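2 protein chains.
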Amino acid sequence: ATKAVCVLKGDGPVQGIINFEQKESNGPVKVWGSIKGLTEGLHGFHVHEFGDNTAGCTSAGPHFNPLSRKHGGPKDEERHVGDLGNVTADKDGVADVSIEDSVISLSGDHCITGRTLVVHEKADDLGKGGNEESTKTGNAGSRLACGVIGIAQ
Amino acid sequence: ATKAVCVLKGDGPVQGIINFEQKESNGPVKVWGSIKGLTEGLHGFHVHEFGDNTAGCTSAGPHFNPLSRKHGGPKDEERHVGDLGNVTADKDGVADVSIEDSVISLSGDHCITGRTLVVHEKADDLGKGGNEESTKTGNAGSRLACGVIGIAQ
Ligand SMILES: O=c1[nH]c(=O)n([C@@H]2O[C@H](CO)[C@H](O)[C@H]2O)cc1F
Ligand SMILES: O=c1[nH]c(=O)n([C@H]2O[C@@H](CO)[C@@H](O)[C@H]2O)cc1F
Ligand SMILES: [Cu+2]
Ligand SMILES: [Cu+2]
Ligand SMILES: [Zn+2]
Ligand SMILES: [Zn+2]
């Protein structure tokens, strides 16, 4: 198996830890962990293109989109590779994450390692919000916390 | 060209920004930036195996060593891929980094992207310290600041 990890931090109270595991080369990737400090509700959750945090999370650029597609949800054919949808926090401010995705990878052209995982201000509308920005970012707003995805033991 | 970047942070005052640029696939990598908050003198400077900062910089593991060599300096044949020697801080606690290295890469088996860059407490003795640990870590002590190396625009 191949494994990766990401520590999420930002300028505010949001922080977390997300693990990735890919049992077979090019197979599905399990994504699991926990994010705290969040407002109750949905928070967009994406791999962005660059692993650059020079100026904070903004330096990561747009969503990771090697195939030059429009934004969508993880279940959609038409999505960015980095489109992992939303995490959902309760009143406790915690989202307990447990996803499997078959588009992201820990190897090859769709490898997310060395790129930035971001948790966003508000909901990702999965490309269904009815403006041009929906089909780019999902209208998920600002970047509360982020980290560079790294190779794990 | 291929580019990468690393933001160095830790639990104390040490922080910095380091850029990587590789003009050609097989070719040397230029490494430059700035680190502040240091004591005067040498601080070991290495790429460590894992891009895992879960528990802080300790989580990054040993020096990156895809060839199972012993520890040395960047100008030695016998070195870990991750052996970038020392940065040197003046009285103001700033080290101004500008080197070139032919062993690290931003692609392939020698790829440092997705791994952790670390600045250490103490001098790296470049494997010349006369003890077993010298040829493993260079006796560079604890990890003052680190970051995961990410793909840059
Ligand atoms: O060794 C270097 N040091 C350095 O500071 N740079 C910076 O990177 C830019 C050029 O790529 C700026 O000219 C310069 O400040 C590049 C280098 F290659
Ligand atoms: O939500 C989770 N999903 C999950 O797969 N795991 C586990 O995933 C396993 C991979 O076989 C373990 O590495 C363990 O981290 C833990 C979790 F909390
Ligand atoms: Cu995002
Ligand atoms: Cu080191
Ligand atoms: Zn997207
Ligand atoms: Zn070494």
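Those protein sequence lines, which keep their order, are chains F and A. Quick note: the first sequence, position 4, residue 4 per PDB author numbering, numbers continuous. Quick note: the second sequence, position 9, residue 9 per PDB author numbering, numbers continuous. Ideal Cβ placement from N, Cα and C applies to all residues, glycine included.
Is there a Cβ of chain F sitting closer than 8 Å to that of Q153 (chain A), yes or no?
Locating residue 153 (chain A) in the second sequence gives position 153, counting from the first residue. Yes, contact with chain F.
For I18 (chain F), the first and last residue of its enclosing beta strand (DSSP E):
Taking the first residue of the first sequence as position 1, residue 18 (chain F) is located at position 18. Where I18 (chain F) is concerned, the enclosing beta strand (DSSP E) starts and stops at 15 to 22.
Classification of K3 (chain F) by the beta-carbon crowding that lies within 10 angstroms, buried from 16 upward:
Here the question's residue 3 (chain F) lines up with position 3 in the first sequence. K3 (chain F) comes out buried.
Rounded C-alpha distance that separates residue 214 (chain F) from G10 (chain F)
Since the first residue of chain F shown is 1 and the last is 153, residue 214 (chain F) is not available in this structure.
For chain A, check one thing: does any of its Cβ atoms lie closer than 8 Å to the Cβ of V148 (chain F)?
On the first sequence, residue 148 (chain F) is found 148 positions in, with the first residue counted as 1. Taking Cβ atoms only, chain A reaches closer than 8 Å to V148 (chain F), which makes this a yes.
Would you say the beta carbon of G85 (chain A) comes nearer than 7 Å to a heavy atom of ligand 6?
Working through the second sequence from its first residue, we reach residue 85 (chain A) at position 85. Not so, every heavy atom of ligand 6 lies at least 7 Å from the Cβ.
Contact criterion: CB-CB distance below 8 Å. Does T116 (chain F) meet it with respect to chain A?
Mapped onto the first sequence, residue 116 (chain F) falls at position 116. It does; some Cβ of chain A falls within 8 Å.
When DSSP labels each residue in this structure, what does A1 (chain A) get in the three-state scheme?
Position 1 of the second sequence holds residue 1 (chain A). In the displayed model, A1 (chain A) falls within coil according to three-state DSSP, outside both helix and strand.
Could you name the residues of the stretch 44 to 78 of chain F whose beta carbon sits closer than 7 Å to any beta carbon of chain A, in the order they occur along the chain?
Within the stretch 44 to 78 of chain F, contact with chain A at the beta-carbon level (separation under 7 Å) is assigned to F50, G51, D52, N53, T54, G61.
Could you tell me which of F:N86, F:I99, F:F50, F:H71 sits nearest to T113 (chain F), measuring between CA atoms?
Residue 113 (chain F) sits at position 113 when you count from the first residue of the first sequence. Taking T113 (chain F) as reference, the option from F:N86, F:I99, F:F50, F:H71 with the minimal CA-CA separation is F:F50.
Could you have a look at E100 (chain A) and say whether DSSP puts it in helix, strand or coil?
Here residue 100 (chain A) corresponds to residue number 100 of the second sequence, with the count starting at 1. Reduced to three states, the DSSP call for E100 (chain A) is strand.
Residues bridged to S134 (chain F) by DSSP?
As a first step, residue 134 (chain F) is located in the first sequence; it is residue number 134 there, counting from the start. Partner(s): none; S134 (chain F) has no beta bridge.
Candidates A:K122, A:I151, A:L106: which alpha carbon is nearest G141 (chain A)'s?
Taking the first residue of the second sequence as 1, we reach residue 141 (chain A) at position 141. With distances taken between Cα atoms, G141 (chain A) lies closest to A:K122.
From F:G37, F:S105, F:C57, residue whose alpha carbon lies closest to that of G93 (chain F)
Counted from its first residue, the first sequence places residue 93 (chain F) at position 93. Of the listed residues, the one whose Cα sits closest to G93 (chain F) is F:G37.
First and last residue of the beta strand (DSSP E) that includes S34 (chain A)?
Counting from one through the second sequence, the residue named residue 34 (chain A) turns up at place 34. In the DSSP annotation of this structure, the continuous segment of the beta strand (DSSP E) that includes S34 (chain A) starts and ends at 29 to 36.
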